[PDB]
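S.K.: A structural model of the following input is requested.
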Amino acid sequence: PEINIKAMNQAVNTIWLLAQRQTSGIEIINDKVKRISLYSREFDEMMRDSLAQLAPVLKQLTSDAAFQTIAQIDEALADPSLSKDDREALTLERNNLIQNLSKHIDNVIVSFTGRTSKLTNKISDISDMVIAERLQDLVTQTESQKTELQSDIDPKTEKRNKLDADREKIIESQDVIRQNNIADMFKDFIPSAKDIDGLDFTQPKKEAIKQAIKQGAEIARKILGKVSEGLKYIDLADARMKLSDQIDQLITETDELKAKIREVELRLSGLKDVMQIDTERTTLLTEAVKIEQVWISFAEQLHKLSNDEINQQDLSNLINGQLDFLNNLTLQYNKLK
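M.R.: Numbers count the residues shown, from 1 in each chain. Dropping the coordinates below:
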């Protein structure tokens, strides 16, 4: 049964990473993620240690003293010139040694099962953990909010364009007024249509100037709400600057909405990270379950051999196969480093 420890350790590490770099503000999810990352790191360390620790326990069984001794007992029992008292004594020695070997194998199975059981309990601590209920709905809510924020932003850009166009018209009027120094001719109030129309330059020049000045004045009065008859230059300049400040108000609003979009997108990223955490957890848990099943089958077969007696060679093949397997896993672990 081939197992990929590389994927297991890489999933553990990615889980830790994503927990470290998760940006979603939910306190519950943050706490749960921290807990699961700690459980996974504890499990990685405990697995490394369990592999390094288990091989000696099984190794002790193969080099059991009682086996060569049993052989020597049988050798002695091969002698015909022996008393039935001594024969039964040696027979009891052999049978007792078989009983001690079985007892020792059971003690080994208990120790091995305990070591594996601690890992199993940690795997259970990991699996039982639930990050959040129906996360996909949370992601849906977050993306819906992001869409709503963008849809509320777009009209702000359109309105900024309209006010900027109005500012352009107003400042055109101001700069052209100074260009022709009209302020000096009509210093008290803006010249009416007839007043400017009566004198100077060309009818195209006159008409262009009139349209520009009237456009500026109309926009200014509309912004300030006063009627056209006010005809004051100061009203024009005041409206210009006041509309510009309103544009700055729009900039403030837009910056706030952009910051909220930043938070929402950051959150969505965090949630995606949590989903990837769950996926990597699944990846890890699959390999862990495979190793657990391997070890349980091994323990069952070893219990079967304990129930049966002697049969040293097949037992050695079993234990050595398991040791080679453990060494394979340890080698796989060491390779990644």
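S.K.: Could you tell me which residues make contact with the closest residue to residue 73 other than its chain neighbours?
M.R.: In space, and not counting its chain neighbours, residue 73 is closest to residue 94: 4.6 Å by C-beta to C-beta, 6 or more residues apart in numbering. The C-beta positions use only the backbone N, C-alpha and C, and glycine is treated the same way. When contacts are counted by C-beta atoms under 8 Å, 6 or more residues apart in numbering, residue 94 touches 70, 73-74, 77.
S.K.: ok, residue 182 touching residue 191?
M.R.: Yes. Between residue 182 and residue 191 there is a contact at 7.0 Å, judged by C-beta atoms under 8 Å.
S.K.: Closest to residue 154 out of the contacts of residue 94?
M.R.: Among the contacts of residue 94, residue 70 lies closest to residue 154 (C-beta to C-beta), at 89.0 Å.
S.K.: Got phi/psi on that closest one?
M.R.: Backbone torsions for residue 70, taken as degrees, to the nearest 10, come to phi -60, psi -40.
S.K.: Residue 309 too?
M.R.: Dihedral pair for residue 309: phi -110, psi 160, per degrees, to the nearest 10.
S.K.: Which helix or which strand is home to the nearest residue to it once chain neighbours are set aside?
M.R.: Distances taken as C-beta to C-beta, 6+ apart place residue 98 nearest to residue 309, at 5.4 Å, with adjacent residues excluded. Per DSSP states H and E: residue 98 is located in helix 84-128.
S.K.: ditto for residue 306
M.R.: Applying DSSP H and E, one finds residue 306 within helix 233-307.
S.K.: Counting by contacts, list what that helix packs against.
M.R.: In this structure, helix 233-307 makes packing contacts with helix 5-20, helix 27-62, helix 84-128, helix 135-179, helix 203-224, helix 312-336, judged by 3 or more C-beta pairs under 8 Å, 6 or more residues apart in numbering; DSSP states H and E.
S.K.: In contact with the residue nearest the centre of the chain: list those residues for me.
M.R.: Nearest to the mean C-alpha position of the chain, by C-alpha atoms, centre = their mean, lies residue 273 at 2.6 Å. Residues counted as contacts of residue 273 (C-beta under 8 Å, 6+ apart) are 18, 21-24.
S.K.: Burial check on residue 220, number of neighbours?
M.R.: Residue 220 has 28 neighbouring residues, counting by other C-beta atoms under 10 Å.
S.K.: Would you check that it makes contact with residue 170?
M.R.: Yes. Counting by C-beta under 8 Å, residue 220 does reach residue 170; the two are 6.2 Å apart.
S.K.: can you list residues touching both of those two?
M.R.: Residues touching both residue 220 and residue 170 (C-beta under 8 Å, 6+ apart) are 236, 239-240.
S.K.: Residue 135 touches residue 274, doesn't it?
M.R.: Yes. Judged on C-beta under 8 Å, residue 135 makes contact with residue 274 at a distance of 6.6 Å.
S.K.: the more surrounded of those two?
M.R.: Neighbour comparison, residue 135 and residue 274: the larger count goes to residue 274, with 26 against 16 (by other C-beta under 10 Å).
S.K.: Next, the contact list for the more buried one, please.
M.R.: Neighbouring residues of residue 274 by C-beta under 8 Å, 6+ apart: 18, 22, 24, 29, 33, 131-132, 135.
S.K.: how about 10 Å then?
M.R.: Residue 274 is in contact with 18-19, 22-24, 26, 29-30, 32-33, 36, 131-132, 135, 138-139, counting by C-beta atoms under 10 Å, 6 or more residues apart in numbering.
S.K.: Separate out the buried members of the contacts of residue 273.
M.R.: Buried residues within the contacts of residue 273, counting neighbours by 16 or more other C-beta atoms under 10 Å: 18, 22-24.
S.K.: can you tell me which of those are in helices?
M.R.: residue 18 (DSSP state H).
S.K.: which one among the buried ones among the contacts of residue 273 gets closest to residue 59?
M.R.: Of all these, residue 59 sits closest to residue 18, with 39.1 Å by C-beta to C-beta.
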